[PDB]
Amino acid sequence: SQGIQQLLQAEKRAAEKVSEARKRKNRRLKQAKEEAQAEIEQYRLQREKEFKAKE
Amino acid sequence: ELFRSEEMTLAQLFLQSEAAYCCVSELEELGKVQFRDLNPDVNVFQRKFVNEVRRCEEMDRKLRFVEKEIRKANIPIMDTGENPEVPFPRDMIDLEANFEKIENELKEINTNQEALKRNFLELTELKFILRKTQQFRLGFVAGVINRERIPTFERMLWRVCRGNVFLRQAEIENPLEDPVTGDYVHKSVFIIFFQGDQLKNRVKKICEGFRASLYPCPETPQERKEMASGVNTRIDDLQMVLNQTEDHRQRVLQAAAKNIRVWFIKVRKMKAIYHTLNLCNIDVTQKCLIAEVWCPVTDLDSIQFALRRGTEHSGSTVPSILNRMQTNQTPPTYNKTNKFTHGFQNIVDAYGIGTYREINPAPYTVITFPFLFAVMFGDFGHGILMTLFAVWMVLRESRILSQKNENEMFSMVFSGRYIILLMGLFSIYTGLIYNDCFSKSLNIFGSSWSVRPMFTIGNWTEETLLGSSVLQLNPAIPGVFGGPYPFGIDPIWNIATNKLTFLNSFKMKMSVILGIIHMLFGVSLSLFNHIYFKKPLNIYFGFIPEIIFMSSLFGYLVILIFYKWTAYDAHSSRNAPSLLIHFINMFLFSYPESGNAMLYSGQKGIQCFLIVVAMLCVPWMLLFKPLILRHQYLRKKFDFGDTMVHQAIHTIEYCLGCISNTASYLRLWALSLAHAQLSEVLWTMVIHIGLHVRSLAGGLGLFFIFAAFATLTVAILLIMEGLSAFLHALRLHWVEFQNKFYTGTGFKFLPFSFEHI
């Protein structure tokens, strides 16, 4: 029966796509330490300028 | 069309889950489809709807529990109307909560009713105890018991406390109810007096021995009055609560006694729906439900409508439409039926279920089974009594359909009412042509029998004088004989002493002829069945040599029977040939050119020819089919051994059947004779006792004598010889007829329906 076979193929592609999305987003969660540093450097530079003004 | 097994259709469908319950229910409301089992692994925990069915299983037990309580209480279950299923939405949980509500209220309220009643009874005993004890270290005890125990109880007190116990007994003003059984019994109060705990223990041990109900008591009228005020308060309060407790139980029972009708329908349908859903499949990724069905080809539209409606009864939009299947195994076999046809299909199905598209015995059976029955069951009066019996079932039908079924005999005869009526009517027809009820004629016909004056013609006149002293035989000679007869059987053979010779010649030859005819119809049905299946080999190697074999053997016999009935007569009766002898000597080539005369010119040549022509058919049936099949399988590039086993068995059964099955129809004559004899004996041994020489003296006895006659003729003839003819005629169908054509192998089609509840 081709109708069920084609449906099973689409259901398999659907199960693959959600599983790949889970893996991609889990890798994005690990990137937080890379994206964080530019904000940390801006806070350091802001506090340096504030300290030099107070001096 | 019903002359053959109905055309089905295997279909596969994409059942949307939110429609699924609704669709299943609608299909079971239609009752014109069989689901395939698509879950070979189905089991109590493997089934996809464990919980849903298990909830139904428990809700059914809760229904049974509350119903048993209601039936013990004899509260009327209303049983009104007829109802749809529950919604697919989770409303079954509110229903389950309603089941729990009723159950918990019953268990609580029953326990309270019992406890409150028991307390009230004990306090009533205590009220009487306090009132009697008010007439009064030293001490005493008091209690109650069945009064008949008091004599033995008092003798035991002095037996144990050696000659020393003071006491008083007092019968209660009314009997009191037993707290467990509800038996009212004439109990009596007692009070017993003693010094110290040592005597207290003895009088108590005897009270325990007789199972007497002891109670504490205060020492003075004033302290007893204070206790009695407590008792009078408790007992009134208990009865007030108990009245309302019982009233509330009655509301709870009444609410449930409405609901059981509705809930039974809902639960049983729901259980069935989820059980059918458990036959479906759901693979691990699967969103919809895959399902498969057998439907009638005519009703493929009817189920598609039910699917669309099932979706429309739901929040779903998906119409769940089917594809027709092509890679099909042989479907289950279905036939539509009704009152005049259902029993006939059932007795056919009971030997075996026809192959898909196979010719159906049942429509031919609707006549031929009654016919064979009536040919055997050939009494006019029994035909009437059978007709009357079945008429009374058909006339009362609408009443009887409401009644009990637990009388299985009554269920069977009522379920046979249409078949029984038809055979009864045909048994009038056959019984009339045989001119016999109870070995009595009907005076409707004229006669070919000759009055005494016709024997007084100078010739044979002496025999009319001999008749005053000795038996005589009329040889049916011309001028004396009353001429060829135009009705059925001549009345005279009922009274004639030699009658059985004449009647046998008829019923034997008749039964033989009918048998040949029915077997020739069965092989004719084989051709039409092989045509519908488009099988050239089965016609060429089967039907053609088979019908030639049968016809060449059978045709001569029937032809010669008819020839004897035309070519011989009274003035040629002495030295006339035997029919049976010429048939045997044909089949065996064994005529010794002598003895019985040959009937017609060239008859020896015909005898030789027809037998040789039948013998020439055998190799086609036996072997040539297996040989061409072996070459076809070798060219088309199965077991040749098994092919020979099956084809040899079939060929042997047909060839030997042309002896045995040809003879088998003698059963008709056989039972017919038995029936006729039984009827004549049962009259002769009974009715003649009421045939006294005077009006009153005979007629009074004849009433009771005829009732014994009716009883015996019913039990023997109308019941048992009827059941004999019935079962024999079924056998004649199941083998001697059907074996020519009806394979009778297949699955019974089973429509899923609420009607199985």
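Residues numbered from 1 in each chain as written, not as in the entry; some residues may be left out. Chains lettered and ligands numbered in written order. Part of a larger assembly, values for the part shown. Heavy atoms only, no water. Residues with missing side-chain atoms left out of burial classes, pairs and counts.

Structure determination for this PDB entry was carried out by cryo-EM, with a resolution of 3.8 Å recorded in the header.

A. Focus on the overall build of chain B. Per the secondary structure count, chain B includes 22 helices and 10 strands. For 757 residues, the compact-globule formula gives about 27 Å, and the C-alpha radius of gyration of chain B, at 43 Å, lies well above that figure. Taking the principal axes of the C-alpha coordinates as reference, chain B spans close to 135 × 90 × 45 Å. (Helix = DSSP H or I, 4+ residues; strand = E, 2+ residues; numbered from the N terminus. Rg over C-alpha atoms; globule rule 2.2 N^0.38 Å.)

B. Region of the structure containing the overall build of chain A. Assigned secondary structure in chain A consists of two helices and zero strands. Taking 2.2 N^0.38 as the reference for a compact globule, 55 residues should give roughly 10 Å; the C-alpha atoms of chain A span a radius of gyration of 24 Å, well beyond that estimate. Along the first, second and third principal axes, the C-alpha set of chain A runs to 80 × 15 × 10 Å. Burial status across chain A gives 4% buried among its 55 residues. A distance of 6 Å separates the average location of the 16 positive side-chain charges in chain A from that of its 10 negative side-chain charges. (Buried < 20%, exposed > 50% of the residue type's maximum accessible area, 1.4 Å probe, protein only. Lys, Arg positive; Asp, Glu negative; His and termini not counted. Charge placed at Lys NZ, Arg CZ, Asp CG, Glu CD.)

C. Here's a closer look at the layout of surface pockets. Residue and element names in this part refer to chain B. In this model, the second largest pocket occupies a volume close to 1100 Å³. What lines the second largest pocket is a set of 34 residues, among which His530, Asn538, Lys625, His650 and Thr743 lie closest to the centre. Among the secondary structure elements, those contributing two or more residues to the lining of the second largest pocket are α16 (499-532), α17 (536-567), α19 (603-635) and α20 (640-664). Of the residues assigned to the lining of the second largest pocket, the class counts are 13 nonpolar, 16 polar and five charged. (1 Å grid on protein atoms, 1.4 Å probe; cavity = no way out; pocket = protein on both sides within 12 Å on 5 of 7 lines; lining within 4 Å. Points joined across faces, edges and corners; volume = space filled by probe spheres on them. Nonpolar A, V, L, I, M, F, W, Y, C, P; charged D, E, K, R; others polar.)

D. The arrangement of the interface of chain A and chain B in detail. Counting from both sides, the interface comprises six residues of chain A and, opposite them, seven residues of chain B. Roughly 540 Å² is buried in total at the junction of chain A and chain B, and carbon and sulfur atoms are behind 64% of that figure. On the chain A side of the contact with chain B, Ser1, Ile4 and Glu11 of chain A bury the most area, a combined 67% of that side's loss. At the boundary of chain A and chain B, one finds zero salt bridges. Linking chain A with chain B are three residue pairs in polar contact, by the criterion used here. Taken together, the residues that form the side of chain A that touches chain B break down as three nonpolar, two polar and one charged. (Contact = heavy atoms within 4.5 Å. Buried area = accessible area lost by both parts, 1.4 Å probe. Salt bridge = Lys/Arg side-chain N within 4 Å of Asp/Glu carboxyl O. Polar contact = N/O pair within 3.5 Å; in protein donor to acceptor, adjacent residues only side chain to side chain.)

E. Broad picture of empty space enclosed by the protein. Residues and elements named next belong to chain B. Approximately 210 Å³ is the volume attributed to the largest cavity. If you go around the largest cavity, you meet 17 residues; those closest to its centre are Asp436, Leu500, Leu503, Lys507 and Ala676. Secondary-structure elements contributing two or more residues to the lining of the largest cavity are α16 and α21 (666-684). Here the lining of the largest cavity gets five residues from one element, more than from any other, and that element is α16. Roughly 60 Å³ of volume is contained in the second largest cavity. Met376, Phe377, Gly378, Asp379, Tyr434, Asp436, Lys507, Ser672, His675, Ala676 and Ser679 together form the lining of the second largest cavity.

F. Quick peek at the sheet that holds strand β3 (residues 138-146) of chain B. All names here are of chain B. Read across the sheet, four strands follow the order β4-β7-β3-β8 without closing on themselves; strand pairing throughout is antiparallel. Looking along the sheet, the strands with just one partner apiece sit at the ends: β4 (166-171) and β8 (213-215). Averaged over all pairs of adjacent strands, the angle between their axes in this sheet comes to 25°, without regard to strand direction. Across three bridges, the pairing between β3 and β8 is antiparallel. (Pairing = 2+ DSSP bridges. Axes fitted to C-alpha atoms, helices over the stretch in contact; angles between N-to-C directions.)

G. How the structure looks around the packing of aromatic side chains. Residue and element names in this part refer to chain B. Scanning the entire structure with this criterion turns up 35 aromatic pairs over all chains. Pairing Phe410 with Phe414 gives two aromatic rings, centres 6.3 Å apart and planes at 15°, and the pair type is stacked. Taken together, the residues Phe410 and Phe414, both in helix α12 (residues 408-415) and four residues apart, mark about one turn of the helix. Taking relative accessible area as the criterion, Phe410 reaches 31% and is therefore assigned partly exposed. Given a relative accessible area of 8%, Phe414 falls into the buried group. When the ring of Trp493 is compared with that of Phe502, the centres are 5.0 Å apart and the planes differ by 35°; the resulting orientation is tilted. Classification of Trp493 as buried rests on a relative accessible area of 19%. Taking relative accessible area as the criterion, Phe502 reaches 31% and is therefore assigned partly exposed. The ring centre of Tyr532 lies 4.3 Å from the NZ or CZ of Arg4, which sits over that ring. Residue placement shows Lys269 over the ring face of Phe754; its charged tip is 5.3 Å from the ring centre. (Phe/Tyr/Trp six-rings, centres within 6.5 Å; stacked < 30°, edge-to-face > 60°. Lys NZ or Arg CZ within 6 Å of the ring centre and 35° of its normal.)

H. Here's a closer look at the sheet that holds strand β2 (residues 34-35) of chain B. Residues and elements named next belong to chain B. Spatially, β2-β9-β1-β10 is the arrangement adopted by the four strands of the open sheet, whose pairing is antiparallel. The sheet is open, and its two borders are formed by β2 and β10 (322-324), each paired with just one other strand. Relative to strand β9 (residues 289-296), β2 is paired through two bridges, and the arrangement is antiparallel. In the strand pairing of β9, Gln34 is matched with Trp294. Contacts from helix α1 (residues 17-30) reach β1 (8-15), β2 and β9, with the element oriented near 150° to β1.

I. Unusual backbone geometry, seen in detail. All names here are of chain B. The phi dihedral of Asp79 falls on the positive side, at around 50°, and the residue is not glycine. Structurally, the position occupied by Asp79 is in the loop between α2 (50-72) and α3 (92-133). For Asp79, a relative accessible area of 41% corresponds to the partly exposed category. Positive phi, close to 65°, is recorded for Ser439, a residue that is not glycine. Counting through the fold element by element, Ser439 comes out in the loop between α13 (417-433) and α14 (452-455). According to the relative accessible area criterion, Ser439 is buried, its value standing at 14%.

J. Focus on helix α7 (residues 300-312) of chain B. Residues and elements named next belong to chain B. An ideal rise of 1.5 Å per residue puts 18 Å on 13 residues; α7 measures up with 18 Å between its terminal C-alpha atoms. Among all positions in α7, only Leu300, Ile303, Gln304, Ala306, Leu307, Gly310 and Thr311 are buried. Burial along α7 is one-sided: seen end-on, the buried residues are contained in an arc of 155°. Facing away from the buried surface of α7 by more than 90 degrees, the exposed residues are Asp301, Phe305 and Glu312. If you follow the buried residues of α7, they end up packed against β1, α1, β9 and β10. (Expected span 1.5 Å × (residues − 1). Arc of directions from axis to C-beta.)

K. Quick look at the UniProt feature "transmembrane region" in chain B. Residues and elements named next belong to chain B. Mapped onto this numbering, the UniProt entry annotates "transmembrane region" at residues 359-377, 380-396, 412-441, 506-525, 544-564, 610-629, 652-676 and 698-736. Span residues 544-564 is 100% helix and 0% strand, its end C-alpha atoms 30 Å apart. A helix fraction of 100% and a strand fraction of 0% characterise residues 610-629, whose end C-alpha atoms lie 29 Å from each other. (UniProt positions renumbered as here; feature names shortened; annotations may be inferred.)

L. How the structure looks around a positive patch on the surface. All names here are of chain A. A contiguous patch of positive charge on the surface is contributed by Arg24, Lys25, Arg27 and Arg28. As for its position among the elements, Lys25 is in helix α1 (residues 2-30). We classify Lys25 as exposed; its relative accessible area is 58%. (Patch = residues over 30% accessible without salt bridge, like charges linked within 9 Å, V, L, I, M, F, W, Y side chains within 5 Å. Areas by Shrake-Rupley, 256 points an atom, 1.4 Å probe, with all protein chains shown as cover.)

M. Structural context of the nonpolar core. Residue and element names in this part refer to chain B. Core analysis: the biggest nonpolar cluster contains 66 residues, and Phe369, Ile420, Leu553, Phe554 and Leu668 have the highest contact counts within it. By residue number, the principal contributor to this core is α17, which donates 11 residues. Leaving out residues up to four positions away in the same chain, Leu553 has contacts with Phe583, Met586, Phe587, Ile611 and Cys658. Among the nonpolar cores identified, the runner-up in size contains 49 residues, and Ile70, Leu95, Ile102 and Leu289 belong to it. (Core = buried A, V, L, I, M, F, W, Y, C linked by side-chain atoms within 4.5 Å.)

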